[PDB]
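Protein chains in written order, with the authors' numbering: chain A, 70 to 98; chain B, 70 to 98.
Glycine is no exception: its CB is placed at the ideal position from the N, C-alpha and C atoms.
To start, the structure under review is shown below, and the notes come after it.
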């Protein structure tokens with residue numbers, strides 16, 4: 070079954086979403 | 070509960086690892 074796929078899209082969505090959200094609030098101040 | 074397991078552990082490992090790494094470096098420049 071597709072495992073590596075879920076792991077990749079998962080960690081990617083989280084890591085990216087995290088850095089983005091944080092880096093976003095910092096762009097304002 | 071397949072799939073959801075990889076997604077949870079995945080995003081969790083990434084999000085946590087990301088915030089940790091960053092929060093770590095910023096904790097002491």
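Cβ atoms of residue 79/A and residue 76/B come within 8 Å of each other, at about 5 Å. Around the CB of residue 94/A, fewer than 16 other CB atoms lie within 10 Å, so the residue is classed as exposed.
Straight through space, the alpha carbons of residue 98/B and residue 91/A are spaced by roughly 17 Å.
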